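Asker: just need the structure, nothing else, for what follows:
(4 chains)
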Amino acid sequence: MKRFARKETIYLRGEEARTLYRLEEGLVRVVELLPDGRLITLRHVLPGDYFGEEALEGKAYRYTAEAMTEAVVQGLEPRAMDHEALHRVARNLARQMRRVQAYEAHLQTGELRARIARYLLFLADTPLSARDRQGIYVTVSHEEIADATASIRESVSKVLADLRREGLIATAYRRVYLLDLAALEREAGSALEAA
Amino acid sequence: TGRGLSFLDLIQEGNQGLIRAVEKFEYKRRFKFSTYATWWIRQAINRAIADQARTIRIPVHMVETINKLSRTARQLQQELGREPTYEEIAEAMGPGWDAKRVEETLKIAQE
Amino acid sequence: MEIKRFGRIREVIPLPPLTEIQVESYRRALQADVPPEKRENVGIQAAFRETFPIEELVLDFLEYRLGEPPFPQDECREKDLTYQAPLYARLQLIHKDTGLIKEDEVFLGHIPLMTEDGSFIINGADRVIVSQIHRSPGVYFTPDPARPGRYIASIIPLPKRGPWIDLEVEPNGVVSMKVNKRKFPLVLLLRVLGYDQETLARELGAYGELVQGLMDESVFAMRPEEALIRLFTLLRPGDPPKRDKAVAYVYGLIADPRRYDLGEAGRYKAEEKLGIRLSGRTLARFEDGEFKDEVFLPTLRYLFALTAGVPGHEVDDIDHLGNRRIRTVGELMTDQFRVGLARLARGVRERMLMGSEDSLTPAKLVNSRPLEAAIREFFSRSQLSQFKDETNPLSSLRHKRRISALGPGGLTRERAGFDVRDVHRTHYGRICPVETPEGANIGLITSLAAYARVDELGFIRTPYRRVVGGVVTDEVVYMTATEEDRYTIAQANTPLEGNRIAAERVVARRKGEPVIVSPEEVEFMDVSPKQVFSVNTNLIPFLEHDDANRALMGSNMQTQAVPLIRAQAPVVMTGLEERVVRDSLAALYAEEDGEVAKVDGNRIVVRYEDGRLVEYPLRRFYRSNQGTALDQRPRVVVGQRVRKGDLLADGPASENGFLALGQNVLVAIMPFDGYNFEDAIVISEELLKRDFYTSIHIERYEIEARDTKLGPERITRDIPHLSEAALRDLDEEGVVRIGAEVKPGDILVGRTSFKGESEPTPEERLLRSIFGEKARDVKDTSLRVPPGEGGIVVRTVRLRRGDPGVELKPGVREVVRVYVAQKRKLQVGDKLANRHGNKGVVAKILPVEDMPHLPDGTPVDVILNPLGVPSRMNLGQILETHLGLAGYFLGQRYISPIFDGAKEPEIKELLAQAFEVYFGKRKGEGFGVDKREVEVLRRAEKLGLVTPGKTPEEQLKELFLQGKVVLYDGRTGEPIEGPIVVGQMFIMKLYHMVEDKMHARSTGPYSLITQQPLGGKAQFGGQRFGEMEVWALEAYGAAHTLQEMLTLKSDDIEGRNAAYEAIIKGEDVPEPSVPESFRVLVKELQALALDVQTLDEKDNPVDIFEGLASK
RNA sequence: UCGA
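Answerer: Numbers count the residues shown, from 1 in each chain, chains lettered A, B, ... in the order given. Let me share the structure:
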C-alpha cells in the first residue's frame, strides 16, 4: 500500500514496469508527454481500476501516471495472481477500454464549449468532486481541462469566462462550481461514461 | 558528600552561605549565631548541589522534581517488595502525574 | 556395541559432585533452606551480625528471610531479567533511654540465585563467578633479602579487611613495626597493650639477649595512656592528640572486629603457627577500658626464636597450598554484601540524627539502595563475574571449576612473576599441572582437580587411602597440603594382592619428594591417577604418551568443541565421559523407577512407581551465549521400562549419555601433495555427504523503536523508496516471517525514523523540480543482515509499550528480536583438533575418487601429516589410531583410563583379531594377494618392517600389528610405496570458523575525534596498521604506500573523498593532505599551552587549518 | 577472558 500527493507521479515512461497498481482511493491520470512540452490526458483511473498495465506485457512503462488528488494505491506482483485476480483484472481492463474509447469519442464530439461542459459533468462523477453551500464543485485547473478537452488553456479560460458571464458555472482557486446542471447537460449533448 | 560535589567545594559554598548569614545576622534577637548560620549554609550547599552536580545542567525545581520521583519510587519499592511500575509511581505522585510524564522525567534525568 | 575397558586400578570412591565447589559455597552463603533460628554464623548471616547493632536510638538485627523468585529461569532469560529472590530483614529500633521498641520487617532488595548447574542469570545472560586464589591470612615469616641472618614477620588479614603489619629487626638493634607505610618502634605499641619491662624481660630473655636491643627507657617510663597519645601522634601527624580520638583510632586500626577481620583460616593458621589460642579474629582487644594483646607477642617471640635459630621454627613458603587459599562464590558475594551493608549502616547512622528524634521506624531509617548497588556491581561489573562459556556442557563445567589469581583483591599481570605461575609440589591432587592458558595468562588461571574439594577454611583437599601395616583400607581421608606433608604416600599404581601391598619396594612421596620405601613405612596411598588432573585433562586417553605442552592445548581446545548434529562418543574413551554429561545437567535422567508414558520431540512424560505422572519438557533449538544450539533429543520410546537414574533424553554434544565432542573418522597418516603442509588438514567430501561435522548456529538480532524529539520511530512494513521485492518476506507489522530465508542486505525488521531538519542543496531543488516528487519526511532505518551472515528465521519476539507484562527503558516504545539459525557444513578454513593437542585447519576437500583408499575400496576420511608428531611429542594420537583401527574392524569401543590403560601387547592382540576379519573375509570370498600388495610387501621387507621368507598373508599381518596397512592412491590406482598408519580417530570441530572471521572493508564508519576507521567486524571496521607494520613499510622503502596508509586510507578527509571520487572516475589518486589526527594533536597541545607551528623553508607559518582556525 |  502506498499514498501519493497531488501532482506526484506513481511511475514514469520508460521506467521498469515491475509493479502493477490498483487505485484504492483518489483519482489518477494516465498521460503522455510530447517533446514540445505539451501534456495530454490519455485516460482517467478511478478507484478500483488497475493501471501500470505495461507490467503485464512489457518490460517498461510507456506512459506517465500522475495523481490528481490525495491517492491510495496498492502494489501488486503480476506473476503472483490467481484465477480470481486475473478475472478482476480482465473485467476491469475491459471496463477501462470501454471508458477510454468513450473518452475518445468525447474528444471529437462537439465544439470546445460542449467538450468542456461534458468534461466538467464527467469530473462531477469522480473523486475530484465534492459539495458545499455554493453547490457541487470539482477541484481542477484550466490546464488539466485543456489537457482533457483537446485544446489549450487560453481558449478553455475564455469559454469558462463565457459560462461565468452566462451564470452556468463559477470559478476560483482551481475550483469550479457547477451551478446549472440542466444547462451544462444541454451544452454537452451526450454524456461521458463515468464507469 | 557523595552527591557529585567534592568535600572542599561544599565547604566553600557553605562558607559563602556563612558570609550571607554574617551580613544578615541581627544580634538583638538574642539567638546564637550558629542557629541562623546553619540555615544559610545548608541552603548554599543545597543550591550548589542542585546547580553543579550534573554535566547537563538541570533547573533547580526540576532537580527537586527528580529527587521527589526518586524518594517516591524508593517508598513504593519498599512497600511493594519490588521495583514499581510507571503507573504506580504516577499514582503515588498524586494529581497531574501519568505514566508518560514519569517516563519522560526519567528520560530527561538521564546522565 | 561391545565396550571393553582396561585397567586394574580399583577406585574406592567415585568422582565428587563436579559443581559442588559452586553449589555448596553458595548454599552455605545463603542458608535459605535452614530455618532462621538454626542458622550458623556464616555468609549473609555473618554480614548482618557484623553490621548490627547500629548504635549511633539503637537499631538491631533479628533475622532475615528469602522469598521465592518472581519469575522462573527461562522467563528471566527470555525477558532479560536477573534470576533472584527477594530479601527481607526483621529489624527492631530501640530507644535505650525510653525503653521504646518499634519492630518491622524491611525489604532490602533482591539477591541473585544460583541455578541447578551452578551458574547465574544476570540481566538475561548466563554468567559464572570464578573462584579466586590468594594468600591465606595468618602470620608468616619470610627471609629478609637484604640481611641474610635476619627475618621479616608478616601479619596478613582478609583482603579489604585491614592493613598489613610488618615486624622487622633493624640494624640499629631496635624492633620496628610497619603499618600503612609508616614505621615505628614496636616497644611503644607493646606499652599501649599494657606490657611492662619485667614481663618483656622474662618472656623474651631466653632468645640470645635479642630483647636488650628492644628495651627503651623513655617508652617504659610513660604509662600506656601517654604511650597511646604518642603512638597517635606518630601515626597521625597534625591531628590534635585528643585521648578519645587516639583510643578510637587505635581500636579501629587493630582491635575493631568491624574494621579489622582476620580470616577463620587466618585465625586457625595463626593458632597453629604460634601454638596459641585466639579469643577472636582481632590482633588485640579493647576490654575494661584498656588494650589487651592477643597476636603481637607470640609473633615477636616466634620471630626472635627464628632469628636465634631455635629448632622447631621454620620460614613459610608463600606458594605452598597450605598458605594459599581459594575464595569461592559465597565468600566474594558475602564480602560485597558486607560492603553494601556497611554503606547502608552509614546511611542509617546519618538518618538517626536528622528528622524527628521521636517518631522513627526501621523503614524510614534504612535505605537498601547501597546494598542493591553493591550486589549488582559485583554480579554485573566485577572481573570475577564472567560471561558464561557454554559452547558445550564441558565448557561450562570447566568454567565453573576454574581458579583465577587475577581480579579485585589479587594479582595484576605485572605483579605475577615466576613464583606464582609455577607448579608447586603441593598442587598434587589439588591444582591441575596441565590445564592452564597458553600465553600471558599462564599459571594465573588454573583448574580444580577431579577428586578435589574446597573445605570450609578455603583450602583445597585431596583424598588418600589409609594404609595400616601392609594392608590398604577402603577408608579415605581428605587432607590439606600441610597435613599431607606429614605422611609417606604411596602411588596408586603400586601392585596389590587383595588389600595387601604386593611389592617389596614401593614408590612413595614425603613432602613431595619421590622415594623408594618399604611397605611398613607406607602410611597412605593415592586414590587414583585421575585426582592429579582436571576434568578436561582426564578426558585425554593415552595422556602418559603425550608431552605436557600439547596436552595443555588438548585440554583447552576441548572447551572449544562445537556440538554436532551427528556427534558421537570417541572410540577410545577414558571412562569419564558419562559422569561429565551427568553432572553437566544438560542431559535428562529419570528420577525414580517407572514406565514411560509419552515420548515427543517437545516433551517426555514419565509414570513412576509412585503412580505420579511427571512431564519433562525438552529444550529445542535454544541459542547459547556463543551462538551454539543447545537442544535435547529423546532417547526412549513409549512404554519403555526405565530405572532410577536411567537416561531419558540426550543433551547437546552427547551420545547415549556419553560425551560427544566430535565425530569418529577414518584417518590416514601421510603427506598429500603439500596440502598437509604445516599442520594443515585434508578431508573427504564424504564427510559432507553424510552430514559429519555439521553444526547448528543461531544469531540474535535486535532493534529499538523509540520516541524522539523529531517524532516517534515506527516499526512498519511501509518503508520509503523500496520495491515489493525488498518487502516480500515482511509481515503486516514489518517483521520478517518465520521460516523465511534471509541473506546479506535483506531486511529483518522494518523501521522508519523522522529525518533531521536540513536545507536541500540547489541540486536537490532542481532534481525535485525535474521529477516533481516531494521529499519524504521519514528515513529508512531498518535493521538489515550484515555481510557474511544470514540463514533461516526460526523465531520472532515483539515487545510493545502499553501491553500487559512488559515495560522497556524510558523513551523506548518497542523492541523486536529476530532469531536466525544456520546449518553450517564443514568447509575450507574451518578448524579441527583432537584431544592430544593436534590441531589444524581444513585446506582442501577432495572428491572421493582422489582420496587414498583401502584395498577393499574403503576411502579414508581425514589425512594427517606425520611431520606434526615428532616435534610435538604427542604419541597418544598414534595409539588412538591403532586402537581405533582395531575397534573399527571389531566393531567395538574401548575405555582406556588415565595412566592405567591398554598397553602395547593387548593392542597387538586386538589388531590380530581385527586382521582376521580384515583378511580372512577376503580369502573366504575367493581372492588372493594383489600384485601391488606384493610390491609394497617387497619394499616393506626392504625397510625391515616384516621378516623375509614369511608368506604374504603373514607379512600383511605383521604390518597390521604395527598399525600399518596397504593404501592405494585414488588418482593413479597404484599403491603408496610403503605401509601407512590408518585407523579411527576422534576429531572435534572447534568454535573458530572462517564464516565468522572473514571480513573486508572499502569505506565505512570513522571515529569521532580521530576521524580514523573503526575497529572490529561488528562495526564494519578497517584493519589496524600499527607501528611495526609502519616499520615494515619503511624497511621496504615504500614511501607512497606508507603515505597512502597514513593519509588517503585513514583520517585525511579531503584526501579520501577525492581518492574515492578519482577511483570511481577512473582517474589516478590525487596528492594526499594533512592527516586530521595531527591537527587534533596540534589543538590538544594548544590546550596544554604549547604553540605548535608548521613552518616552510623560509620559516614562515603555514596554515594547516586552511583559513578556519584564526580570526 | 579468548585466538595466533
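Asker: what sits against the residue in the stretch 501-650 of chain C that chain A sits nearest to?
Answerer: Relative to chain A, the nearest point of the stretch 501-650 of chain C is residue C:621 (31.2 Å; CB to the nearest CB). All C-beta spots, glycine's among them, are computed from the backbone N, C-alpha and C. By CB atoms under 8 Å, 6 or more residues apart in numbering or on different chains, the contact list for residue C:621 reads C:629, C:631, C:696, C:698, C:794, C:821.
Asker: and residue B:86, by the same measure?
Answerer: Residues counted as contacts of residue B:86 (CB under 8 Å, 6+ apart) are B:99, B:102-103, C:807.
Asker: over to residue C:656?
Answerer: Contact partners of residue C:656, counting by CB under 8 Å, 6+ apart, are C:569, C:635, C:647, C:650.
Asker: name the helix or strand for the spatially most central residue of chain B, please.
Answerer: By CA atoms, centre = their mean, chain B has its centre lying nearest to residue B:64, at 5.1 Å. For residue B:64, the element it lies in under DSSP states H and E is helix B:60-80.
Asker: can you give me the buried ones in that helix?
Answerer: For helix B:60-80, the neighbour count (16 or more other CB atoms under 10 Å in any protein chain shown) marks B:63, B:65-66, B:69, B:72-73, B:76-78 as buried.
Asker: in TSV: those residues, plus distance to chain C.
Answerer: Written out in TSV, the entries for these read as follows (distance: CB to the nearest CB, whole Å):
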residue	distance to chain C
B:63	17
B:65	15
B:66	12
B:69	11
B:72	14
B:73	10
B:76	11
B:77	7
B:78	6
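Asker: tell me which of those is nearest to residue C:942?
Answerer: residue B:77 (86.7 Å; CB to CB).
Asker: what about whichever helix or strand residue C:953 is part of, distance to the chain center?
Answerer: Using DSSP H and E, residue C:953 maps to helix C:952-960. In this view, helix C:952-960 has its centroid 50 Å away from the chain centroid, taken as CA atoms, centre = their mean, to the nearest Å.
Asker: which single residue of chain C ends up nearest RNA strand D?
Answerer: residue C:437 (3.4 Å; CB to the nearest atom of the strand).
Asker: so that residue touches residue C:553, yeah?
Answerer: No: applying CB atoms under 8 Å as the test, residue C:437 and residue C:553 come out as separate, 10.3 Å apart.
Asker: all helices for the chain, in order.
Answerer: Going with chain A. Using DSSP state H, the helices found in chain A span residues A:83-107, A:112-123, A:142-147, A:153-166, A:181-188.
Asker: my bad, chain B
Answerer: According to DSSP H, the helices that chain B contains are B:7-24, B:33-52, B:60-80, B:86-92, B:99-108.
Asker: elements contacting the longest one?
Answerer: If I follow you right, that is helix B:60-80. In terms of contacts (3 or more CB pairs under 8 Å, 6 or more residues apart in numbering or on different chains; DSSP states H and E), helix B:60-80 is packed against helix B:33-52, helix B:86-92, helix B:99-108, strand C:101-112.
Asker: using the three-state scheme, assign residue C:60.
Answerer: Following DSSP: H, G, I helix; E, B strand; the rest coil, residue C:60 is assigned to strand.
Asker: roughly how far does it sit from residue C:103?
Answerer: 9 Å (CB to CB, to the nearest Å).
Asker: quick one: residues contacting the closest residue in space to the residue nearest to the centre of chain B that isn't next to it in sequence.
Answerer: Spatially, and ignoring its direct neighbours in sequence, residue B:64 is nearest to residue B:50 (7.6 Å; CB to CB, 6 or more residues apart in numbering or on different chains). Each residue near residue B:50 by CB under 8 Å, 6+ apart is listed here: B:60, B:63-64.
Asker: which residue packs closest to the spatially most central residue of chain A, ignoring adjacent ones?
Answerer: Nearest residue to the geometric centre of chain A (CA atoms, centre = their mean): residue A:44, 3.2 Å. Nearest non-adjacent residue to residue A:44, counting by CB to CB, 6+ apart: residue A:29, 6.4 Å away.
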